[PDB]
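Asks:
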Amino acid sequence: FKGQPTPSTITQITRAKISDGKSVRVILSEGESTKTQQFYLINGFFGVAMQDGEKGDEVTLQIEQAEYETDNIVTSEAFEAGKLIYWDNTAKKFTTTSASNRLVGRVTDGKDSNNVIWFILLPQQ
Amino acid sequence: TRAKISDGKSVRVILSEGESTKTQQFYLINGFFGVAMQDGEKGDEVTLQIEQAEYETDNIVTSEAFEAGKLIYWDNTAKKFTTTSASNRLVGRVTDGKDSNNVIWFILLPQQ
Amino acid sequence: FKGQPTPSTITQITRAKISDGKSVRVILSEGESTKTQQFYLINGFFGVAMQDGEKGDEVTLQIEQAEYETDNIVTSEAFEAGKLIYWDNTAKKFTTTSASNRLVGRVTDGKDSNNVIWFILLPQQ
Amino acid sequence: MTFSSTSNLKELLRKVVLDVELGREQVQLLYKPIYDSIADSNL
Amino acid sequence: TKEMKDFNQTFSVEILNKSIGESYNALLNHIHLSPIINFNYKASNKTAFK
Amino acid sequence: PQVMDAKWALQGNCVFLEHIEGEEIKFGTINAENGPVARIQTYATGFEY
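Chains as they are written, first to last, in the entry's author numbering: chain A, 3 to 127; chain B, 16 to 127; chain C, 3 to 127; chain D, 1 to 43; chain E, 93 to 142; chain F, 44 to 92.
This is the structure we're talking about:
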């Protein structure tokens, strides 16, 4: 209150939980661009993009740790149910190789004919 | 189209030839450790729980104290919880310590 | 039912999910204390102490794995968005160095001019 | 006998608070004259 | 928490609605007047103090 | 509220000492009584069927 008649002190009540954490906004880098309902690794966060980001703009990634259906798997490898999934940021595809890829999930439904996997997203470590 | 298909609180699995599960007990099946909601038989489809929730159980090795905070490791060979921290799989952390009846409350972990 | 007319037999139906487990009760040791909406590591559990506790009292820690606004960081370090967060229990401050500190979160919003951070909390491994 | 002895016992003394009229100023919509409203629940 | 609403005498949903309404009105002012302010005006529009 | 108010009261103590010629009379004092404090707690449980 500007120009208040009396110097009223203000006391801030602390708070920690800022949101639910289901999704996070992220700023696109130069050589990046995202379309809706596809997985990306943007600033260390792996999740499903909920908006079409073009360049240097803000997009939201879903990190809900839920069960997700996804194409974009390296079809050479066979993804049995229960195997750990990894994200190949160079190829922008899922893989079971743990050389230096980011661990992102575990398979529920095995690799079917359509190269479709059902997997449980992981806590973004 | 949406990538998310279910909240992931539960996951289906198919019992192998050496696996059999009964209702509301812990079982490590196909890399998923959870509580089975159906009494399963060989080659049958059941549903596990991976809810990251607090769980009750007495299926523990009764040799070492499960004081609160200590990590809980699941030993698939003996089919028990323990705090060995050996090659056994990590599954949770104790919330309430063991009582005289050997009962544990622990929080599940995300199967990493 | 003591003194019941008939010898009935009671059969228990098992139930594993005691609770949702989004928060955990914990007991303060001698060299520990808490005040509301402050982060602490108590008995292996890391979370937001929602209540005040000094000595042998019971407090509850939020472990919801949601997004949290903290401050209380080591100001000298830089905290870019996406960087992992570690809790230095000796200094009782958040830090990115992973010498012997517990991994607790990943920054969602970088260190602003007032050292405020938003970050996802991790599953207490 | 002195009032200073019983000053600390606030529960004995009458509690009076002076009005200050503290709060937050109302925030009016200043943009109304400039814009043409198009209210449609199916845009 | 339910305890904060039930035990705290002064807290209520009314003040939360007041804060929501105030921030909403300020958001409307910002949305409908920041395009006018942040615009990069060319020399054709701009007029000096004179 | 979760913690109840404590009742208060003011009491004046005095004692009669029989007076002889030329001794100053000692004066009494005042003491304050304080009531007990009660606290309200929240109990809860439930099922998940």
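Built from N, CA and C at the ideal position, the CB exists for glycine as well.
With a threshold of 8 Å between beta-carbons, can E/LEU120 be considered close to chain D, or not?
Replies: By this cut-off, E/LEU120 is an interface position.
Asks: Using a Cβ cut-off of 8 Å (strictly closer), state whether E/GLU106 contacts chain D.
Replies: Cβ-Cβ to chain D under 8 Å: no for E/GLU106.
Asks: Compare the C-beta of E/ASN117 with all C-beta atoms of chain D and state if any pair is closer than 8 Å.
Replies: For E/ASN117, the answer is yes, since a Cβ of chain D falls inside 8 Å of its Cβ.
Asks: What number of angstroms, rounded off, separates the C-alpha of E/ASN109 from the C-alpha of E/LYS94?
Replies: Computed Cα separation, rounded: 17 Å.
Asks: Starting from B/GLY107 and walking both ways along the beta strand (DSSP E), at which residues does that stretch end?
Replies: Residues 104-111.
Asks: How would you call F/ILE68, buried or exposed, if buried means at least 16 neighbouring beta carbons within 10 angstroms?
Replies: Answer is exposed; the Cβ neighbour count stays below 16.
Asks: Quick check on A/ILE122 - is its C-beta less than 8 Å from some C-beta in chain B?
Replies: A/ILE122 counts as touching chain B.
Asks: Residues of chain F with CB under 7 Å from E/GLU114, in chain order?
Replies: Residues of chain F passing the Cβ test: none, with the nearest at roughly 28 Å.
Asks: Under 8 Å between the Cβ atoms of residue 2 of chain C and C/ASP90?
Replies: The requested residue 2 of chain C does not occur in the structure, where chain C is confined to residues 3 to 127.
Asks: When the Cα atoms are used, what is the spatial distance from C/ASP73 to C/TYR88?
Replies: Roughly 13 Å between the two C-alpha positions.
Asks: For chain C, is any of its Cβ atoms less than 8 Å away from the one on B/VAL76?
Replies: Output row for B/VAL76: interface = no.
Asks: Could you pull out every unbroken alpha helix (DSSP H) segment of at least 4 residues lying fully inside the stretch 41-118 of chain A, listed in chain order?
Replies: Qualifying alpha helix (DSSP H) stretches: none in this window.
Asks: Kindly list, in the order they appear in chain B, the residues whose Cβ is closer than 8 Å to that of C/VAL26.
Replies: In chain order: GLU69, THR110 and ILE122.
Asks: I believe C/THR110 touches C/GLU60 by the beta-carbon criterion, under 8 Å. Please report the beta-carbon distance rounded to the nearest angstrom.
Replies: Actually they do not touch by this definition, with Cβ atoms about 31 Å apart.
Asks: When the Cα atoms are used, what is the spatial distance from D/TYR31 to E/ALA118?
Replies: Between D/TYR31 and E/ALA118, the C-alpha separation is close to 10 Å.
Asks: Residues of the stretch 12-36 of chain D in Cβ contact with chain A at a cutoff of 9 Å, in chain order, please.
Replies: Residues passing the 9 Å Cβ filter: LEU18, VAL20, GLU21, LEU22, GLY23, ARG24 and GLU25.
Asks: Quick one: what does DSSP say E/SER111 is sitting in, helix, strand or coil?
Replies: Helix at E/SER111.
Asks: Could you round the C-beta distance between F/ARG82 and F/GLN45 to whole angstroms and report it? I think they count as a contact, below 8 Å.
Replies: Indeed they touch by this definition, with Cβ atoms about 6 Å apart.
Asks: Hey, would you say A/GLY49 sits closer than 8 Å to A/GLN39, going by beta carbons?
Replies: For A/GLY49 and A/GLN39, no; Cβs fall outside 8 Å.
Asks: Listed in chain order, which residues of the stretch 73-104 of chain B have Cβ atoms closer than 9 Å to some Cβ of chain C?
Replies: From the stretch 73-104 of chain B, only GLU82, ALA83, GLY84, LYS85 and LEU86 have a Cβ closer than 9 Å to chain C.
Asks: For a cutoff of 8 Å on Cβ pairs, would you count F/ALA75 as touching chain D?
Replies: Yes, F/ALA75 counts as interfacial toward chain D.
Asks: Use the C-beta contact count for F/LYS50: other C-beta atoms within 10 angstroms, 16 or more gives buried, fewer gives exposed.
Replies: Counting Cβ neighbours within 10 Å, F/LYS50 comes out exposed, since fewer than 16 surround it.
Asks: Between the beta-carbon of A/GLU71 and the beta-carbon of A/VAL118, is there less than 8 Å?
Replies: Their beta carbons are under 8 Å apart, which means A/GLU71 touches A/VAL118 by this criterion.
Asks: Can you tell me whether A/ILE20 is helix, strand or coil according to DSSP?
Replies: Residue state, collapsed to three classes: strand.
Asks: What's the gap between the Cα of F/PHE70 and the Cα of D/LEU18?
Replies: Using only the alpha carbons, I get a separation of about 38 Å.
Asks: To which residues of the same chain is A/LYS37 closer than 6 Å at the C-beta, ignoring the five residues directly before and after it?
Replies: Result list for A/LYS37: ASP54, in chain order.
Asks: With a threshold of 7 Å on Cβ separation, who are the neighbours of E/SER136 within its own chain once the five nearest residues in sequence on each side are excluded?
Replies: No residues qualify anywhere along the chain.
Asks: C/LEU124 by DSSP, collapsed to three states: which one?
Replies: In the structure shown, C/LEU124 sits in coil (DSSP, three-state: anything other than H, G, I, E or B).
Asks: At least one CB of chain B closer than 8 Å to the CB of C/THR62: is that the case?
Replies: By this cut-off, C/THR62 is not an interface position.
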